[PDB]
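Inspection log for the structure reproduced underneath, given as structure tokens.
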Amino acid sequence: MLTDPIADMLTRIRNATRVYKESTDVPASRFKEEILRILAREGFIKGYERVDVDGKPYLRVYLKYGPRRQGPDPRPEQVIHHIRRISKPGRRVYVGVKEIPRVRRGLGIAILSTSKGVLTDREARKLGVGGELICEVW
Amino acid sequence: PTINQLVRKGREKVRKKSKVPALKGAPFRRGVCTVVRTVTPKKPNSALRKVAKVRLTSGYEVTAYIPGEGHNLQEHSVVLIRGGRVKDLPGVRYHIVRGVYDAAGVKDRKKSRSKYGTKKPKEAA
RNA sequence: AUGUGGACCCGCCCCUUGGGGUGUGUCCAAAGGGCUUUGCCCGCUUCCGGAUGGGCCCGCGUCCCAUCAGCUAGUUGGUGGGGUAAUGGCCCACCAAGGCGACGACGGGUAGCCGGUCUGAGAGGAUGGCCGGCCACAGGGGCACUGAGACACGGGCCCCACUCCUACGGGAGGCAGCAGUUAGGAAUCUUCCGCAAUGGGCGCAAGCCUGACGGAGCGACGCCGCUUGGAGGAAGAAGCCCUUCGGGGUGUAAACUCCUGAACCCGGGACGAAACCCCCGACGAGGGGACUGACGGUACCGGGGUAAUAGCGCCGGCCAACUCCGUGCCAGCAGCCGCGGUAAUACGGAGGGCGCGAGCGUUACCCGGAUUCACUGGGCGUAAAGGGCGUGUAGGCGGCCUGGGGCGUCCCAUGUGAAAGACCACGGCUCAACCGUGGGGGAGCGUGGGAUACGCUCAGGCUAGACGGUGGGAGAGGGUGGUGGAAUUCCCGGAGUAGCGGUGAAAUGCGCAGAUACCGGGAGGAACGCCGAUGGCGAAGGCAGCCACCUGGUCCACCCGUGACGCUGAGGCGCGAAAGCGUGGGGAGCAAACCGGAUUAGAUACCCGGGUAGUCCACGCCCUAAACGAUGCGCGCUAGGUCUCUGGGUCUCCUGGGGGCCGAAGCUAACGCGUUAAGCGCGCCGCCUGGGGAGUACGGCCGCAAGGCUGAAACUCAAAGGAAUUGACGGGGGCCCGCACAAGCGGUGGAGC
RNA sequence: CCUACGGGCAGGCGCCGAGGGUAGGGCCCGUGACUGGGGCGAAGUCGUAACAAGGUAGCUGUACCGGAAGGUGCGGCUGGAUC
Ligand SMILES: NC[C@@H]1O[C@H](O[C@H]2[C@@H](O)[C@H](O[C@@H]3[C@@H](O)[C@H](N)C[C@H](N)[C@H]3O[C@H]3O[C@H](CO)[C@@H](O)[C@H](O)[C@H]3N)O[C@@H]2CO)[C@H](N)[C@@H](O)[C@@H]1O
Ligand SMILES: NC[C@@H]1O[C@H](O[C@H]2[C@@H](O)[C@H](O[C@@H]3[C@@H](O)[C@H](N)C[C@H](N)[C@H]3O[C@H]3O[C@H](CO)[C@@H](O)[C@H](O)[C@H]3N)O[C@@H]2CO)[C@H](N)[C@@H](O)[C@@H]1O
Ligand SMILES: NC[C@@H]1O[C@H](O[C@H]2[C@@H](O)[C@H](O[C@@H]3[C@@H](O)[C@H](N)C[C@H](N)[C@H]3O[C@H]3O[C@H](CO)[C@@H](O)[C@H](O)[C@H]3N)O[C@@H]2CO)[C@H](N)[C@@H](O)[C@@H]1O
Ligand SMILES: NC[C@@H]1O[C@H](O[C@H]2[C@@H](O)[C@H](O[C@@H]3[C@@H](O)[C@H](N)C[C@H](N)[C@H]3O[C@H]3O[C@H](CO)[C@@H](O)[C@H](O)[C@H]3N)O[C@@H]2CO)[C@H](N)[C@@H](O)[C@@H]1O
Ligand SMILES: [Mg+2]
Ligand SMILES: [Mg+2]
Ligand SMILES: [Mg+2]
Ligand SMILES: [Mg+2]
Ligand SMILES: [Mg+2]
Ligand SMILES: [Mg+2]
Ligand SMILES: [Mg+2]
Ligand SMILES: [Mg+2]
Ligand SMILES: [Mg+2]
Ligand SMILES: [Mg+2]
Ligand SMILES: [Mg+2]
Ligand SMILES: [Mg+2]
Ligand SMILES: [Mg+2]
Ligand SMILES: [Mg+2]
Ligand SMILES: [Mg+2]
Ligand SMILES: [Mg+2]
Ligand SMILES: [Mg+2]
Ligand SMILES: [Mg+2]
Ligand SMILES: [Mg+2]
Ligand SMILES: [Mg+2]
Ligand SMILES: [Mg+2]
Ligand SMILES: [Mg+2]
Ligand SMILES: [Mg+2]
Ligand SMILES: [Mg+2]
Ligand SMILES: [Mg+2]
Ligand SMILES: [Mg+2]
Ligand SMILES: [Mg+2]
Ligand SMILES: [Mg+2]
Ligand SMILES: [Mg+2]
Ligand SMILES: [Mg+2]
Ligand SMILES: [Mg+2]
Ligand SMILES: [Mg+2]
Ligand SMILES: [Mg+2]
Ligand SMILES: [Mg+2]
Ligand SMILES: [Mg+2]
Ligand SMILES: [Mg+2]
Ligand SMILES: [Mg+2]
Ligand SMILES: [Mg+2]
Ligand SMILES: [Mg+2]
Ligand SMILES: [Mg+2]
Ligand SMILES: [Mg+2]
Ligand SMILES: [Mg+2]
Ligand SMILES: [Mg+2]
Ligand SMILES: [Mg+2]
Ligand SMILES: [Mg+2]
Ligand SMILES: [Mg+2]
Ligand SMILES: [Mg+2]
Ligand SMILES: [Mg+2]
Ligand SMILES: [Mg+2]
Ligand SMILES: [Mg+2]
Ligand SMILES: [Mg+2]
Ligand SMILES: [Mg+2]
Ligand SMILES: [Mg+2]
Ligand SMILES: [Mg+2]
Ligand SMILES: [Mg+2]
Ligand SMILES: [Mg+2]
Ligand SMILES: [Mg+2]
Ligand SMILES: [Mg+2]
Ligand SMILES: [Mg+2]
Ligand SMILES: [Mg+2]
Ligand SMILES: [Mg+2]
Ligand SMILES: [Mg+2]
């Protein structure tokens, strides 16, 4: 039935990027959109947009890579090197603000759902809150 | 296993098995020699290895190795056992400690003297 | 007797579990002593309040075995009593029929719990010794008395066991207080000094008691601090060791020269001690006064002063340190790998070297390394590991939109987290160890306030999941009944005659009671040739002549219906090849066992000839497997190409479902996998944790039995494994050579020499 | 026995009761005549099952048989080589 739509979304991204796709659709959810917003603001994706696929709500998601590279294998560096669920149906992970982790000494994000909305670690730490630790992206 | 599975079952802590009933772990146990035999090794070794079957205070009758150049042990000898298998001799899991009770320490031993239990010699010292 | 008051019953207010108040009625107090003696000091009574200490109850937390699965009859609740300071099945009478359990009851094992301690990057693991806190115990079992408080270590009673006294009637005793003795053991201290300090009991006080305590004694048992000297001092003594015979080492090390001066001797000499008490003041505040030291003639200060202890382990690799001799698979070393069989850096000694140093090694135990129980942080195609398959219970997990609640979650404030210990300052002992002061953290839990993204929940909505409807399909899916032809055996008939059969070769065997081969007829049993596939169907096992009936699944088209109705699934229940079992049929062919013949050194086999169970049917058991894709189920996501089975379309081509092959990205130890993943992700289940012992023993469950499921330990090894590499080998393959054999001609083996 | 005549004390009976006994159940250890296998130990005996088509492909559940490895039946697997 699809147990974790967020893990799904993340993985669609992980997969499309590994073959340098220009875009992926992912079935649309408000929650999903909020995570993308962060994702876009932080420059992991180009951006995203609502669309209908067989007349059903998706979110097309424009991916984004490095430049062409030199020697053998000139496949671009990836912008999303790593993207990975934390909290999951099997095992939710919640943090207080004092235990929000520093992802790759801050060269990476952690998206994070709080009662003051979905936030990155920095946004949420300055806003002084914690909550469900959704995923870490570097 | 899944998390739900760990929650239901958990992991199992691994019990470590004693190599040595000098009974209660106790670092040394005193006994009385019974047979002071010679035994041949196995595997790829050859020699005539000196051995005591020992009745212990701990209740156990066990076989122990008599280390050192040569020894002074006969059939009622009374000795301290220490643990330390011998490896070429099967079923020999303990050594006798030399220098204690009726196991005299090794004479003529200049080097590693404190194992073998032989006091400081006195010519250039 | 007095009753400030308090207690009880009844009532009434307030308050809400038995908390305050109030009104009749009843009931309850007391002790005296001392004086520097008319006014104080110590006491006594009742009441209310505080302080301290406790009892009871509750939430949460607190080890191993499920090879302990069901436990309970004061049991569970109730009404009324009793008992208590007090609640309560704490106890009792009666009533009801209850209580607990896989979220692990009941049972067994093991253990005092904690603050802490050790370890670890942390998470975690181990631990509860000193010190502090709580419990429990006082030779073993019970019991109550007294009392604010005990069911009372040095109080009482009784029973039990042991020791001592005994005039045999009876008694006495309880070091898990301080010392100390003995026994056990690898092993654990003085029958010391003192109440001077701190604390404790009684006392108006003086004081008395205090093995609490403060000290000292003994053990390198640990930690810290310090000594065994310091500066000169040779191209370099001797001795010992190497040597390529030239030289090298020990080595500034020593001898020797200055210098300092642990030990030891002389002198002074503590802090810890100001209070209790007495005097002035008032017996209060304040002031004055006197006593008091176990440690100890110690610490510490001053004068003098002697060069004055070094050991243990290691030197093959892991690991820092190499040579000569001795030794010859011996003696021995050995943590693991392994050394030793005449040149051993591995054994023993020497020299030399490395490491620590009043210590150094050993054994034992904990954590570490071990991401080797993996939460952080592992795995299951072939290495250990996917349950034989399903159905589905509990449980776990759950698509999109809106609103309510705020249980999880997050935030703020606050109470709590004692002391010690831990972290950081600054201080005290010459330092440190040890210690004083101050600061800082700190999981967890309580109370009040707030947030609402996600999780939960309540209510509402949707249609992408799921299910359903209409129409169309392919199929060895299953069950029952029927039926067809070929073949084998047997029986009858004809014709026919000397063998058939069988093997490497044979023989046993069958055949003149006429076999074999051939034709005709009949009986029966079992199995379905071509089609047939690299095919199809089923969840697995597994399913194949044809027909009919009954019946399970599943695919496509329309996009009509319901509205998250979903996934997974411990246990349960069902299915489950062959062999095997029971009862009863049946029995052609085949065929364990068995009876024979060959072969062979032997042949309890391979080959041949017989042949019973069985193989077949029905019903009932068994429940296993190389039950294999050796690959759990479900869902989403990530190039293609090619062949095939089966739907639909606008039928060159497009679009579903299924079976193969090659292969993107990617993964893999490799082999390989690769939209039919072993790729990328989520959910839920099952399983693994070195090899052998062992799928054994024990126990339980099941079974008619055979057996099946579950499943150890002792002991023992340093591997056991997987994939791939190079070879080598094959009574594997292909290609090919050589007087290798074949074709030839002459020899040797015989005789003499 | 004491009494202020209210009662108290002795004493007696009873319930509970440590422990004791008898019969039946269970559980834990010892010790054991006799018996079954197992590990380990340079150079003992019989064959040769397996590894190369191991000279009968192997392995496997099961059933029977046999000094021993094993062999045979039936069914399964390829984790069999040779075209
Ligand atoms: N072992 C192979 C199979 O694992 C299967 O399930 C597992 C796999 O599907 C998958 O595991 C993946 C693995 O596929 C793939 N090779 C990559 C990944 N490392 C693994 O993931 C797993 O392990 C990592 C840690 O290594 C975890 O962080 C992660 O959460 C966990 N899913 O997710 C499951 C997690 O164990 C089935 N159990 C069975 O088919 C078989 O056991
Ligand atoms: N509380 C005041 C004093 O504090 C001390 O606590 C402190 C000291 O014990 C200790 O501090 C000192 C440190 O300050 C000083 N700068 C260095 C010294 N190594 C530390 O000492 C500590 O550490 C070492 C090793 O860990 C050990 O000797 C021992 O654990 C302890 N002495 O750690 C704490 C913080 O510095 C005492 N433990 C305590 O008995 C005393 O009261
Ligand atoms: N072939 C018939 C079918 O087989 C199944 O089972 C039946 C038969 O197969 C089975 O065997 C029959 C038997 O009926 C009858 N009493 C004896 C007869 N010889 C048998 O005959 C059948 O089976 C055997 C098996 O090889 C053969 O003869 C042949 O294959 C077939 N005709 O016995 C069952 C009933 O007696 C199904 N039950 C049914 O569909 C149908 O009878
Ligand atoms: N190894 C334990 C088990 O039992 C047997 O193994 C034991 C005996 O069979 C085997 O015996 C062998 C023998 O077969 C072989 N042909 C001759 C050899 N001398 C024997 O050797 C045995 O005995 C000698 C004394 O004679 C010992 O020195 C030696 O340790 C041991 N290997 O040696 C084993 C010693 O344990 C089976 N081989 C095997 O099933 C299984 O591994
Ligand atoms: Mg994608
Ligand atoms: Mg908090
Ligand atoms: Mg050797
Ligand atoms: Mg009054
Ligand atoms: Mg009165
Ligand atoms: Mg009551
Ligand atoms: Mg105990
Ligand atoms: Mg660790
Ligand atoms: Mg503990
Ligand atoms: Mg007692
Ligand atoms: Mg008590
Ligand atoms: Mg006493
Ligand atoms: Mg003794
Ligand atoms: Mg005192
Ligand atoms: Mg005092
Ligand atoms: Mg000097
Ligand atoms: Mg001088
Ligand atoms: Mg070295
Ligand atoms: Mg040595
Ligand atoms: Mg030599
Ligand atoms: Mg060595
Ligand atoms: Mg040596
Ligand atoms: Mg670990
Ligand atoms: Mg893990
Ligand atoms: Mg592993
Ligand atoms: Mg395996
Ligand atoms: Mg399977
Ligand atoms: Mg299911
Ligand atoms: Mg369910
Ligand atoms: Mg949801
Ligand atoms: Mg809340
Ligand atoms: Mg504290
Ligand atoms: Mg200082
Ligand atoms: Mg709180
Ligand atoms: Mg709804
Ligand atoms: Mg005929
Ligand atoms: Mg099959
Ligand atoms: Mg519709
Ligand atoms: Mg509707
Ligand atoms: Mg069956
Ligand atoms: Mg059968
Ligand atoms: Mg039968
Ligand atoms: Mg035969
Ligand atoms: Mg035959
Ligand atoms: Mg036959
Ligand atoms: Mg496949
Ligand atoms: Mg396909
Ligand atoms: Mg492929
Ligand atoms: Mg094992
Ligand atoms: Mg291999
Ligand atoms: Mg090879
Ligand atoms: Mg020739
Ligand atoms: Mg001749
Ligand atoms: Mg009485
Ligand atoms: Mg032996
Ligand atoms: Mg064979
Ligand atoms: Mg062959
Ligand atoms: Mg063989
Ligand atoms: Mg063979
Ligand atoms: Mg078989
Ligand atoms: Mg046979
Ligand atoms: Mg077979």
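Following the order of the structure tokens, chains are lettered A, B, ..., residues in each are numbered from 1, and ligands are numbered from 1.
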Just need the residues of chain C within 9 Å of chain A, counting only C-alpha atoms (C1' of nucleotides), so spit them out as a ChimeraX atom specification. /C:396-400,409-411,451-455,464-466,566-567,634-639,664-666,680-683
Test item: residues lying within 10 Å of ligand 9 with only C-alpha atoms (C1' of nucleotides) and all ligand atoms, as an MDAnalysis selection string: chainID C and resid 1:3 27:29
Nearest residue to ligand 45 out of C:750, C:614, C:587, C:25, using only C-alpha atoms (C1' of nucleotides) and all ligand atoms?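 Once distances to ligand 45 are computed over only C-alpha atoms (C1' of nucleotides) and all ligand atoms, the minimum belongs to C:614.
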List all protein, DNA and RNA residues that have any atom at most 9 Å from ligand 59, counting only C-alpha atoms (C1' of nucleotides) and all ligand atoms, and write the list as a PyMOL selection string. (chain B and resi 39-42+89-91) or (chain D and resi 40-41)
Could you please extract the residues within 9 Å of ligand 19, counting only C-alpha atoms (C1' of nucleotides) and all ligand atoms, and hand them back as a PDB file with N, CA and C atoms (P, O5', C5', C4', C3', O3' and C1' of nucleotides), in the first residue's frame?
```
ATOM      1  P     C C 195      42.174   7.600  79.495  1.00  0.00           P
ATOM      2  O5'   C C 195      40.693   7.310  78.968  1.00  0.00           O
ATOM      3  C5'   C C 195      39.616   8.297  78.975  1.00  0.00           C
ATOM      4  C4'   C C 195      39.769   9.394  77.921  1.00  0.00           C
ATOM      5  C3'   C C 195      38.733  10.512  78.018  1.00  0.00           C
ATOM      6  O3'   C C 195      39.204  11.757  77.558  1.00  0.00           O
ATOM      7  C1'   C C 195      38.492   9.410  75.935  1.00  0.00           C
ATOM      8  P     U C 198      34.970  18.691  70.988  1.00  0.00           P
ATOM      9  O5'   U C 198      34.230  17.853  69.848  1.00  0.00           O
ATOM     10  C5'   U C 198      34.492  18.074  68.446  1.00  0.00           C
ATOM     11  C4'   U C 198      33.798  17.042  67.586  1.00  0.00           C
ATOM     12  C3'   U C 198      32.479  16.497  68.107  1.00  0.00           C
ATOM     13  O3'   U C 198      31.419  17.358  67.793  1.00  0.00           O
ATOM     14  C1'   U C 198      33.799  14.706  67.422  1.00  0.00           C
ATOM     15  P     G C 199      30.311  17.517  68.848  1.00  0.00           P
ATOM     16  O5'   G C 199      29.643  16.073  68.789  1.00  0.00           O
ATOM     17  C5'   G C 199      29.099  15.601  67.548  1.00  0.00           C
ATOM     18  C4'   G C 199      28.618  14.162  67.619  1.00  0.00           C
ATOM     19  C3'   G C 199      27.725  13.791  68.792  1.00  0.00           C
ATOM     20  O3'   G C 199      26.353  14.127  68.652  1.00  0.00           O
ATOM     21  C1'   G C 199      29.372  12.124  68.488  1.00  0.00           C
ATOM     22  P     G C 200      25.469  14.184  69.965  1.00  0.00           P
ATOM     23  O5'   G C 200      25.444  12.657  70.379  1.00  0.00           O
ATOM     24  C5'   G C 200      24.433  11.827  69.832  1.00  0.00           C
ATOM     25  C4'   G C 200      24.511  10.509  70.516  1.00  0.00           C
ATOM     26  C3'   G C 200      24.020  10.504  71.946  1.00  0.00           C
ATOM     27  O3'   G C 200      22.619  10.382  71.936  1.00  0.00           O
ATOM     28  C1'   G C 200      26.039   9.319  71.819  1.00  0.00           C
TER      29        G C 200
END
```
Residue list (strand (DSSP E), DSSP) for region 13-131 of chain A, as JSON, numbers by chain: {"A": [23, 24, 25, 26, 27, 47, 48, 49, 50, 51, 52, 53, 56, 57, 58, 59, 60, 61, 62, 83, 84, 85, 94, 95, 109, 110, 111, 112, 113, 114, 117, 118, 119, 131]}
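For residue 105 (chain B), the list of residues within 6 Å, based on only C-alpha atoms (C1' of nucleotides) and with local chain neighbours fewer than 3 positions off taken out, reads residues 98, 99, 116, 117 and 118 of chain B.
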Export N, CA and C atoms of the chosen residues as an mmCIF file, in the first residue's frame?
```cif
data_model
loop_
_atom_site.group_PDB
_atom_site.id
_atom_site.type_symbol
_atom_site.label_atom_id
_atom_site.label_comp_id
_atom_site.auth_asym_id
_atom_site.auth_seq_id
_atom_site.Cartn_x
_atom_site.Cartn_y
_atom_site.Cartn_z
ATOM 1 N N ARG B 98 56.342 -23.803 40.620
ATOM 2 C CA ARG B 98 57.561 -24.227 41.276
ATOM 3 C C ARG B 98 58.004 -23.253 42.319
ATOM 4 N N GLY B 99 58.466 -23.833 43.422
ATOM 5 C CA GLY B 99 59.042 -23.115 44.541
ATOM 6 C C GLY B 99 58.120 -23.134 45.737
ATOM 7 N N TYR B 116 59.357 -20.817 37.575
ATOM 8 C CA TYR B 116 60.389 -21.811 38.063
ATOM 9 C C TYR B 116 60.861 -21.581 39.530
ATOM 10 N N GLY B 117 60.709 -20.372 40.048
ATOM 11 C CA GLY B 117 60.818 -20.138 41.477
ATOM 12 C C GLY B 117 62.152 -20.533 42.039
ATOM 13 N N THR B 118 63.197 -19.809 41.657
ATOM 14 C CA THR B 118 64.537 -20.113 42.139
ATOM 15 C C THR B 118 65.235 -18.846 42.556
#
```
Any residue with an atom at most 9 Å from ligand 28 counts, using only C-alpha atoms (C1' of nucleotides) and all ligand atoms. Which are they? Put them as a PyMOL selection string. (chain B and resi 1-3) or (chain C and resi 374-378)
Could you give me, as a PDB file with C-alpha atoms (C1' of nucleotides), in the first residue's frame, every polymer residue with an atom at most 9 Å away from an atom of ligand 33, counting only C-alpha atoms (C1' of nucleotides) and all ligand atoms?
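Below is the file that was written, pocket_4.pdb:
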```pdb
ATOM      1  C1'   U C 393      -6.012 -14.797  15.531  1.00  0.00           C
ATOM      2  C1'   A C 394      -3.420 -11.469  18.783  1.00  0.00           C
ATOM      3  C1'   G C 395       0.114  -7.954  17.555  1.00  0.00           C
ATOM      4  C1'   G C 396       3.119  -4.554  14.415  1.00  0.00           C
ATOM      5  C1'   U C 568       2.083  -8.613   7.202  1.00  0.00           C
ATOM      6  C1'   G C 569       1.212 -12.305  10.506  1.00  0.00           C
TER       7        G C 569
END
```
Show me which residues line ligand 26, defined as having an atom within 9 Å of a ligand atom where only C-alpha atoms (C1' of nucleotides) and all ligand atoms count, and present them as a PDB file with N, CA and C atoms (P, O5', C5', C4', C3', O3' and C1' of nucleotides), in the first residue's frame.
```pdb
ATOM      1  N   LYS B 111      68.238 -17.528  34.234  1.00  0.00           N
ATOM      2  CA  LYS B 111      67.439 -16.525  33.521  1.00  0.00           C
ATOM      3  C   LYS B 111      66.031 -16.211  34.072  1.00  0.00           C
TER       4      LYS B 111
ATOM      5  P     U C 345      68.869 -19.116  14.254  1.00  0.00           P
ATOM      6  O5'   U C 345      68.657 -17.924  15.273  1.00  0.00           O
ATOM      7  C5'   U C 345      69.499 -17.876  16.414  1.00  0.00           C
ATOM      8  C4'   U C 345      69.131 -16.684  17.235  1.00  0.00           C
ATOM      9  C3'   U C 345      67.754 -16.718  17.859  1.00  0.00           C
ATOM     10  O3'   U C 345      67.852 -17.448  19.071  1.00  0.00           O
ATOM     11  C1'   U C 345      68.197 -14.584  16.934  1.00  0.00           C
ATOM     12  P     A C 346      67.008 -18.772  19.285  1.00  0.00           P
ATOM     13  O5'   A C 346      65.519 -18.230  19.149  1.00  0.00           O
ATOM     14  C5'   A C 346      64.909 -17.490  20.218  1.00  0.00           C
ATOM     15  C4'   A C 346      63.666 -18.207  20.713  1.00  0.00           C
ATOM     16  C3'   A C 346      63.830 -19.684  21.077  1.00  0.00           C
ATOM     17  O3'   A C 346      63.039 -19.959  22.216  1.00  0.00           O
ATOM     18  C1'   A C 346      62.134 -19.471  19.484  1.00  0.00           C
ATOM     19  P     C C 347      63.655 -19.778  23.659  1.00  0.00           P
ATOM     20  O5'   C C 347      63.933 -21.279  24.100  1.00  0.00           O
ATOM     21  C5'   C C 347      62.927 -22.112  24.699  1.00  0.00           C
ATOM     22  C4'   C C 347      63.547 -23.427  25.121  1.00  0.00           C
ATOM     23  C3'   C C 347      64.749 -23.295  26.037  1.00  0.00           C
ATOM     24  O3'   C C 347      64.294 -23.361  27.361  1.00  0.00           O
ATOM     25  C1'   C C 347      65.309 -24.666  24.189  1.00  0.00           C
ATOM     26  P     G C 348      64.610 -22.173  28.340  1.00  0.00           P
ATOM     27  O5'   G C 348      66.132 -22.410  28.737  1.00  0.00           O
ATOM     28  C5'   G C 348      66.427 -23.473  29.671  1.00  0.00           C
ATOM     29  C4'   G C 348      67.907 -23.661  29.872  1.00  0.00           C
ATOM     30  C3'   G C 348      68.735 -22.397  30.042  1.00  0.00           C
ATOM     31  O3'   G C 348      68.764 -21.861  31.354  1.00  0.00           O
ATOM     32  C1'   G C 348      69.764 -23.797  28.470  1.00  0.00           C
ATOM     33  P     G C 349      68.897 -20.278  31.551  1.00  0.00           P
ATOM     34  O5'   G C 349      70.454 -20.008  31.350  1.00  0.00           O
ATOM     35  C5'   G C 349      71.416 -20.707  32.164  1.00  0.00           C
ATOM     36  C4'   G C 349      72.826 -20.541  31.645  1.00  0.00           C
ATOM     37  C3'   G C 349      73.313 -19.127  31.370  1.00  0.00           C
ATOM     38  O3'   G C 349      73.739 -18.484  32.565  1.00  0.00           O
ATOM     39  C1'   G C 349      73.920 -20.517  29.578  1.00  0.00           C
TER      40        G C 349
END
```
What's around residue 136 (chain A) at 6 Å? Count only C-alpha atoms (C1' of nucleotides), leave out sequence neighbours fewer than 6 positions away in its own chain, and write the answer as a PyMOL selection string. chain A and resi 83-84+109-110
Selection export as a CSV table (one decimal), in the first residue's frame, atoms kept: N, CA, C and O atoms:
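Written file, out-v7.csv:
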```csv
chain,number,residue,atom,x,y,z
A,83,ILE,N,20.8,11.2,0.8
A,83,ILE,CA,19.4,11.6,1.3
A,83,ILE,C,18.9,10.4,1.9
A,83,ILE,O,19.0,9.3,1.3
A,84,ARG,N,18.2,10.5,3.1
A,84,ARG,CA,18.0,9.4,3.9
A,84,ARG,C,17.0,9.6,5.0
A,84,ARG,O,17.3,10.5,5.9
A,109,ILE,N,22.1,19.1,5.6
A,109,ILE,CA,20.9,19.6,6.2
A,109,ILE,C,20.4,18.5,7.2
A,109,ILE,O,20.9,17.3,7.0
A,110,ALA,N,19.5,18.7,8.1
A,110,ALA,CA,18.5,17.7,8.5
A,110,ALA,C,17.1,18.3,8.4
A,110,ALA,O,16.9,19.3,9.1
```
